[PDB]
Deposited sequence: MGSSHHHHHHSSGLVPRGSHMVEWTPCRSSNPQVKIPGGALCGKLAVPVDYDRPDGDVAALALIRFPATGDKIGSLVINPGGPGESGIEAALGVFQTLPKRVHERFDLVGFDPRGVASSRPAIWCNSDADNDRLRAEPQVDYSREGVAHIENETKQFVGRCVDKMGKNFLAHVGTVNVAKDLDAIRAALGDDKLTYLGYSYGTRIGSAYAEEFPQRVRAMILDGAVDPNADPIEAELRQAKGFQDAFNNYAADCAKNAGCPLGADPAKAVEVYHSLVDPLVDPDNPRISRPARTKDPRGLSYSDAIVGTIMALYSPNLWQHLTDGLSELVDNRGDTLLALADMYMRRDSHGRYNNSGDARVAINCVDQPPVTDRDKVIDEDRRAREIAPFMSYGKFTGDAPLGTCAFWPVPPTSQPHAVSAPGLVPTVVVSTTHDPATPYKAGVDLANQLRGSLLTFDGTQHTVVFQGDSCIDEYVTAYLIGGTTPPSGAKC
């Protein structure tokens, strides 16, 4: 790996070729992009990070992490971000949708689960899968899975001159962590995993727990808001969901649910129902975004939707010129090969029945007796991994950071992952997705002490 400065720090960038298929290392070849912020003191090794997603860029993540990095850590480690195979700047990058394909889906209310509606959604899914294959080919798509990201991580580890790996992973990055721990445990120096994914979970029960997560985050937000002047959800938090629907449901024609009635915005798109929901979901990632959600809902009282559209744009990674990065396309592709997809219609129909009851704020109208299959039920290449309990007996102790009311990756997953790893659980009291190197000085002391001196938080540690 030949290093070079970038086009924002003391940063160096580089590429590293890995085989696309790890059984055909003389066959097709991918190149991973790396960024590197040199250590300013006595160097221990490289701190390698992953932001999660999947489809999120680690290079763009390292630039953000750099600003909030404890001085002691920055003294002792290179901060290294990478882009996983198929993601952001790595080549080839997963592409399925044009920018116009994305806007077109986002203009639909996506709320009609009658048979016609479900056929329409399922038809759009098929054209999507087709567009993936046409642009990427069945070979590359077969190997974007985490099991192969883990193999690149060890190629990366070795390419930076470290005997063991020091690793920080958020969210989906947790799944990369435990995968690397299973296949290269003798190469793990240290590991922080914030916002856990449990590779042993049943996919449907996890989603329902995630729905519950977000309903619960919504509850918390709404209750906070209720104490504030002029709260758009009303002063009585037990009626928030209904008020919330009184604000978002008019965005759908009440006589034909395929017809969007979008709120006025300076942007030409306006605000669709599906964007309103996605905007809400985005804000519930972090209390830093609650002010924006409140602004967003306030605008809706006046039939405006500028702030919710911006929040949905943030989530979808659409910039001000209408260009999308590949995080959405890559997200789907990588998720589809990480585990067997649900193909049983009945168990998908029942999941919709349950989610409507668990997360009413997300659900429109009533249960219809029908629901669409997820994109992955139509994936042309098979999963490269399967739900199982993490078993990596000789792994060093690791730290798993879990937030009590995390909506994306709930507290319980964190607990369970820590058990399988038989490492330390560190608890954050809060309502957000992840917390490490994000301001909180208590979390950061524990993590800095672990990273440098290998010292783990004591059983029951909470912040």
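- Missing from the model, relative to the deposited sequence, are the stretches 1-21, 29-36.
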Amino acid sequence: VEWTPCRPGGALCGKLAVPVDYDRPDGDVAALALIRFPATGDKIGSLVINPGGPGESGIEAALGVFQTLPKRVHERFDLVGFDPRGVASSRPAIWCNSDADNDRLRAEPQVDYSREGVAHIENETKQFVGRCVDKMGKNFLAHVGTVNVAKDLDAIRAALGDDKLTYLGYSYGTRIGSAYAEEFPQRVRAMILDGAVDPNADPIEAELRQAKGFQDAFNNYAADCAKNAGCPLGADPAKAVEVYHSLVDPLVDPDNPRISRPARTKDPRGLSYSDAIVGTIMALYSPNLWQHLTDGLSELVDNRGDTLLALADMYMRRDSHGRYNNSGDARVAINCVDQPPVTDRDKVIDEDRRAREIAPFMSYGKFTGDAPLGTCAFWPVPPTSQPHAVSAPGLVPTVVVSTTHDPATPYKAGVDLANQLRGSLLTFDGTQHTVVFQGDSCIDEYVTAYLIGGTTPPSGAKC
From here on, numbers count along this sequence of modelled residues.
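- Remark: stretch with higher mean C-alpha B factor among 305-313 and 147-155 is 147-155.
- Set 179-187 against 279-287 and average the Cα temperature factors; 179-187 ends up higher.
- Going by the entry's values, 139 shows the largest Cα B-factor out of 110, 139, 210, 220.
- Taking only the listed residues 292, 104, 72, 115, the entry reports the highest CA temperature factor at 72.
- In the PDB entry, residue 397 places in the middle third of its chain by CA B-factor.
- When the modelled residues of the chain are ordered by their C-alpha B factor, residue 261 lands in the lowest third.
- In the PDB entry, a CA B factor belonging to the middle third of its chain's modelled residues is recorded for residue 329.
- Ranked by C-alpha B-factor against the other modelled residues of its chain, residue 424 falls in the middle third.
- The deposited CA B-factor of residue 49 belongs to the middle third of values across its chain.
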